[PDB]
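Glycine gets a Cβ as well: all are built from the backbone with ideal geometry, and neighbour counts include every protein chain shown. Every number in this text was worked out from the coordinates using simple rules, so none of it is lab data.
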Amino acid sequence: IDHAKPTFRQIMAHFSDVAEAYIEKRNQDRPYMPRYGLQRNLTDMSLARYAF
Amino acid sequence: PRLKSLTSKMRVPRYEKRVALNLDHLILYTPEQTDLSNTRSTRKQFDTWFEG
RNA sequence: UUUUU
RNA sequence: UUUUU
């Protein structure tokens, strides 16, 4: 963290589609939802795709 | 005198000209209708419930 | 543009 | 597609 010139989001913006397909698979097996919506109260199990 | 249902002179899409895409060996594909839908879930899920 | 624990 | 106590 102390060794990037812009911020952390501004570097991790690459790693988008890899975890996308990740959650597609392991959601297709089982009803996973991440954290970030469960604090914010999403509704649709389908829309885990973008609770980043 | 006899013949088949499907044809070749039919109006069909074409990647390039000679290519015919809906390959006409699909005479034998009629699974159950509801078995294909989304309104019924999948066999894997049906297994993992039965195992959990 | 930043600021979402 | 969800939402039928």
(message) I need the shape label for chain B. Rule: rounded when a/c is under 1.5, else prolate if a/b > b/c, else oblate, with a, b, c from the alpha carbon gyration tensor.
(response) prolate
(message) Projecting each Cα onto the charge dipole of chain A (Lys/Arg +1, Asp/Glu -1 at the beta carbon, about the Cα centre), which of A:27, A:12, A:42 comes out farthest on the positive side?
(response) A:42
(request) Within 10 Å of each residue's Cβ, count the other Cβ atoms and sort B:43, B:11 from fewest upward. (result) B:11, B:43
(message) Please state the shape class of the protein assembly as shown: rounded when a/c is under 1.5, otherwise prolate if a/b exceeds b/c and oblate if not, all from the C-alpha gyration tensor.
(response) oblate
(request) Divide by every residue of chain A the summed helix terms, -39500 (n - 2.57) for each DSSP H run of at least 4, and state the resulting mean residue ellipticity at 222 nm, rounded to the nearest 500 deg cm²/dmol. (result) -10000 deg cm²/dmol
(message) I'd like the Karplus ³J(HN,Hα) series for the range A:11-27: coefficients 6.51, -1.76, 1.60, θ = phi - 60°, whole numbers in Hz, and an x wherever there's a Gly or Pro.
(response) 9, 7, 4, 4, 6, 10, 7, 5, 4, 4, 5, 3, 5, 4, 4, 6, 7
(request) Excluding residues fewer than 8 places away in the same chain, name every one of the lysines whose C-alpha is closer than 25 Å to that of residue B:9. (result) B:17
(message) Per residue of the range B:46-51, what does 6.51 cos²θ - 1.76 cosθ + 1.60 with θ = phi - 60° give for ³J(HN,Hα)? Whole Hz please, x for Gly and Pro, Karplus curve as stated.
(response) 4, 6, 5, 5, 4, 9
(request) Work out from phi, with θ = phi - 60° and the Karplus expression 6.51 cos²θ - 1.76 cosθ + 1.60, the ³J(HN,Hα) of each residue of the range A:2-7, listed in order in whole Hz, and give x for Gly and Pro. (result) 6, 10, 9, 7, x, 7
(message) If the reach is capped at under 18 angstrom between alpha carbons, list the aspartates and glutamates near residue B:44, excluding any in the same chain fewer than eight residues apart.
(response) A:24, A:29, B:32, B:35
